[PDB]
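Report on the structure given below.
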Amino acid sequence: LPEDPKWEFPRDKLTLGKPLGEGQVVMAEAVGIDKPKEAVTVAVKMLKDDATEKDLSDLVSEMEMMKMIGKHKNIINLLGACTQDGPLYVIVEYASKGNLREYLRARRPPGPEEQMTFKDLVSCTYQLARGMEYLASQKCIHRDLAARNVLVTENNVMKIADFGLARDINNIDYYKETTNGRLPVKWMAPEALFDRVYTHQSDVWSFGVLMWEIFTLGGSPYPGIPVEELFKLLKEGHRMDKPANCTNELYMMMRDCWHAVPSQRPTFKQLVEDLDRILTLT
Numbered sequence: 447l448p449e450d451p452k453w454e455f456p457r458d459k460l461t462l463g464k465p466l467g468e472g473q474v475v476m477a478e479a480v481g482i483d486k487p488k489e490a491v492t493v494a495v496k497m498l499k500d501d502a503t504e505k506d507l508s509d510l511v512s513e514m515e516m517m518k519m520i521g522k523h524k525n526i527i528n529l530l531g532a533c534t535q536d537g538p539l540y541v542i543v544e545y546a547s548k549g550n551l552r553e554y555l556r557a558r559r560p561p562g573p574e575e576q577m578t579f580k581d582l583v584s585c586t587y588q589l590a591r592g593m594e595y596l597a598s599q600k601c602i603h604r605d606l607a608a609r610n611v612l613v614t615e616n617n618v619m620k621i622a623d624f625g626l627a628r629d630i631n632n633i634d635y636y637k638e639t640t641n642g643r644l645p646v647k648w649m650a651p652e653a654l655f656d657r658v659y660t661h662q663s664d665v666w667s668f669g670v671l672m673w674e675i676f677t678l679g680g681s682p683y684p685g686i687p688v689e690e691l692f693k694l695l696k697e698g699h700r701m702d703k704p705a706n707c708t709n710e711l712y713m714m715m716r717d718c719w720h721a722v723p724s725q726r727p728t729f730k731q732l733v734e735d736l737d738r739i740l741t742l743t
């Protein structure tokens, strides 16, 4: 593992703290990672003690992907890395309010946190479309888009995270999936699931499932349906019903993302445009 001085952070300027969940992510303090004297609270991703070879490869990949993606307000920011002489540490921006899924479930109405307005939910969907639009413009596919892999910071700012499965598809038409993939089925586009091909329009399908998660306030997709029965249903055109408390306009958008034909689904650019209009209203 060769050294990239641009991102290399000195280990002595980094203090590890409590785990945020468990490879494993821990909270940390990084001095001058931005202001040479200023210490900053960060998140460090690293390997577990029972880590596999694939795990280390994934961690390297995740780091490299975040490099080529670049900065964006709705994407978890790579800050630096400890790659030389010691364990691999991928230092990323810290998220004060955790992942979107638990964040939504905690804000469900009684019958714990203050429940969100409809305008808040649309804003959440709009920010994630913007983040994804930027991602696709960088010719990168996420492959694992879900509420669990979105982090929340500050005043309801959405941040796309978990790029451990992200791929670079620059100069290629599509990504070739293996037979039995590591992608969660209930978020998988049919082309990846059945034809083993993945594009930006496959992320759009996932974004549709992400939308359903947001407006069910952290509900798990295809409720009551085990994945082993989901295969056949998708081949029979099965789609999720409209979540309670959700406009038809936004449900049609979900349905658009769930078109059998990838090109017939809207683009992230088009999703932003429509959501911006919907958000401007409400």
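Residue numbers 447 to 468, 472 to 483, 486 to 562, 573 to 743, in mature numbering (1 follows the signal peptide of the UniProt record, and there is no 0), belong to the letters of the sequence shown in order. Just so it is clear, CB atoms sit at the ideal spot from N, CA and C, and this is done for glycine as well.
Asked: Alpha-carbon to alpha-carbon, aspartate 656 and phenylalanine 624; Found: 23 angstroms
Asked: Reduced DSSP category for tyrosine 636 - H, G, I as helix; E, B as strand; rest coil; Found: strand
Asked: Sheet register partners of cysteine 601 (DSSP bridge); Found: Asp629
Asked: Cβ separation of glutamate 615 and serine 547, assumed to be a contact under 8 angstroms, to the nearest whole Å; Found: 7 angstroms
Asked: Cβ pair count under 8 angstroms reaching 3, the stretch 599 to 612 against the stretch 665 to 676; Found: yes
Asked: Integer-rounded CB distance, given that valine 613 should sit under 8 angstroms from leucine 694; Found: Incorrect: roughly 32 angstroms between the Cβ atoms, too far for contact.
Asked: Boundaries of the alpha helix (DSSP H) in which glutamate 553 is found, first to last residue; Found: 551 to 556
Asked: C-alpha distance - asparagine 706 paired with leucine 678, whole-angstrom precision; Found: 10 angstroms
Asked: Run of the beta strand (DSSP E) containing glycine 680, from where it starts to where it stops; Found: Unbroken run through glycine 680: none, as it is neither H nor E.
Asked: Close Cβ partners of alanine 494 (< 6 angstroms) along its chain, the five nearest in sequence each way excluded; Found: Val474, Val543 and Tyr545
Asked: Contact between the stretch 643 to 650 and the stretch 593 to 603 (3+ Cβ pairs under 8 angstroms); Found: no
Asked: Residues sharing a beta bridge with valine 618, DSSP; Found: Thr614
Asked: Complete runs of the beta strand (DSSP E) confined to the stretch 660 to 737 [at least 3 residues]; Found: none
Asked: Residues sharing a beta bridge with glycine 467, DSSP; Found: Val474
Asked: At least 3 beta-carbon pairs within less than 8 angstroms: the stretch 574 to 581 vs the stretch 715 to 724; Found: no
Asked: When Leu654, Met476, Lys486 and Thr503 are compared against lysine 496, the one with the closest alpha-carbon; Found: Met476
Asked: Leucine 447 - DSSP class collapsed to helix/strand/coil; Found: coil
Asked: According to DSSP, residues forming a beta bridge with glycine 521; Found: Paired residue(s): none; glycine 521 is not in a bridge.
Asked: Pairwise C-alpha distance: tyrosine 540 and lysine 499; Found: 11 angstroms
Asked: Straight-line gap, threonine 660 to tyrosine 635 (C-alpha atoms, nearest Å); Found: 5 angstroms
Asked: Nearest-angstrom Cα separation, counted from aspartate 735 out to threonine 741; Found: 10 angstroms
Asked: Same chain, Cβ closer than 6 angstroms to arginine 559, neighbours up to 5 away in sequence not counted; Found: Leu678
Asked: Beta carbon of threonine 534 nearer than 7 angstroms to that of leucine 447; Found: yes
Asked: Spatial distance of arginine 700 from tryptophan 666 (CA atoms); Found: 11 angstroms
Asked: Cross-strand partners of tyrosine 540 (DSSP beta bridge); Found: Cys533
Asked: Element boundaries [alpha helix (DSSP H), containing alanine 490]; Found: No alpha helix (DSSP H) contains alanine 490, which is instead part of the beta strand (DSSP E) from 490 to 497.
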